[PDB]
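What follows is each chain in one-letter form.
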Amino acid sequence: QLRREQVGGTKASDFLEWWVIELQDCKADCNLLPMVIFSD
Amino acid sequence: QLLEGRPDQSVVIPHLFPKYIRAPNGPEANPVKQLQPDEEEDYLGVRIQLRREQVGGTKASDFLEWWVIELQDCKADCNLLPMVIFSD
Amino acid sequence: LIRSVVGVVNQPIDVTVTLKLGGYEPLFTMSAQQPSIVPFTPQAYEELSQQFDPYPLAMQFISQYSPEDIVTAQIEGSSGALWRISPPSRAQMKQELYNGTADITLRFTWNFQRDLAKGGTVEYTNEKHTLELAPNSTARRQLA
Amino acid sequence: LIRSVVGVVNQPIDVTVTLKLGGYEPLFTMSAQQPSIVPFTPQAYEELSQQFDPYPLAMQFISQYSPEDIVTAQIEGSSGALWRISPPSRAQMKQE
């Protein structure tokens, strides 16, 4: 997800872009990704 | 208030910064217990400063923000923080 | 006795993930620090157990790695920082994605930073996940 | 002889500090490189000595770590880089 941000191509550069990830199958925890790790 | 937008104003950071620190060959590098017996009481403090920068909420996004640290008790070296480290 | 060893678990204090496209710049990168790193309580360990209860391999593999040996990072998907992009890079991104019928791949990578008091030998273990995409396909089109 | 060891000091070439709030992003981070890393001269070691001279523990602890064994980093407080903040993160900062 690329959320644009007005400030003040050139208009595209105006918006601030930042990649945002969301679970493909997400219901309520859309702003958080649980990733299980096995600490040996 | 700092992160919001307003004229220059400092924060409340109550001396969390220990002056004298020790760097053993050990996995990490601890502060010095003897020089800081009081721990946080003997630690030094700083203030966050957010200097805005006009370009061209949205006006807040317009200004460029960057955290600036400065000694709580600073006289002339305000733009520099000497931190003692012990290279073992 | 010199051969007896206690199975002291080494739980990574920090974790980092990054999402990079092409050889140009990382698009995204997070680091769940302490509170987004939940070690499993025993109860979560049984939960993992019954969820994969029919499968025997899963049971033995869980039965080996104790609840303290398995943790979960709650990486904040949306809590990013600004993704700066040099406009030259941006333009070449767009031009190649639109007409350049080449093959461009992501460089998605995970690093685990260990306690370094709990040992762990190398404490920055990481693995890369590079998977090529398809030109003239809706994936590249939607990315563009 | 196999047990004799010279106390060769190991002085860190580089130092880094960071200031981060929450689990969202670092607000500030600095790295004094060579010229902001001042190793102590014997005179500076002496100065550290008289400043904490009444305290015995400080005296022994300094007496162990030679002037070459103790350095100071002059981290530039104000000379930072732009602190980028994804506006979602900023808004949630402010609201919380």
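Residues numbered from 1 in each chain as written, not as in the entry; some residues may be left out. Chains lettered and ligands numbered in written order. Part of a larger assembly, values for the part shown. Heavy atoms only, no water. Residues with missing side-chain atoms left out of burial classes, pairs and counts.

Per the deposited record, cryo-EM is how this structure was determined, to a resolution of 4.07 Å.

Asks: Explanation requested: the pairing of strand 1 (residues 14–21) of chain C in the structure shown.
Replies: Consecutive side chains along a regular strand alternate between the two faces of the sheet. Residues and elements named next belong to chain C. Taken together, the five bridges between strand 1 and strand 5 (residues 108–113) define a ladder with antiparallel strand orientation. Residue pairing for strand 5: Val17 is matched across the bridge by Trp110. Note that strand 1 and strand 2 (residues 25–30) share five bridges and pair antiparallel. Opposite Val17, over in strand 2, you have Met30 as the bridge partner. Counting the residues in the hairpin turn of strand 1 and strand 2 gives three residues, including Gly22, whose phi is positive at 60°. (Pairing = 2+ DSSP bridges. Helix = DSSP H or I, 4+ residues; strand = E, 2+ residues; numbered from the N terminus.)

Asks: Explain the pattern of salt bridges to me, please; I cannot follow it from the model alone.
Replies: Any two side chains of opposite charge can pair, so long as their charged atoms come close to each other. Residue and element names in this part refer to chain B. Taken as a whole, this structure holds eight salt bridges over all chains when the rule is applied. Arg51 is the partner of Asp8 in a salt bridge, and the nearest nitrogen-oxygen pair spans 2.8 Å. Here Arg51 lies in the loop between strand 2 (46–50) and helix 1 (58–62) and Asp8 lies in the segment before strand 1 (20–23), a separation of 43 residues in the sequence. In this structure, the salt-bridge partner of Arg47 is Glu70, at a minimum N-O distance of 3.6 Å. Take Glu70: its relative accessible area is 11%, and that puts it in the buried class. (Salt bridge = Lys/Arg side-chain N within 4 Å of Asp/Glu carboxyl O. Buried < 20%, exposed > 50% of the residue type's maximum accessible area, 1.4 Å probe, protein only.)

Asks: Could you clarify how one ought to interpret a nonpolar patch on the surface in this entry?
Replies: A cluster of nonpolar side chains, A:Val36, A:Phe38 and C:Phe61, forms an exposed patch at the surface whose accessible area comes to about 240 Å². Structurally, the position occupied by A:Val36 is in strand 1 (residues 33–38). (Patch = residues over 30% accessible without salt bridge, like charges linked within 9 Å, V, L, I, M, F, W, Y side chains within 5 Å. Areas by Shrake-Rupley, 256 points an atom, 1.4 Å probe, with all protein chains shown as cover.)

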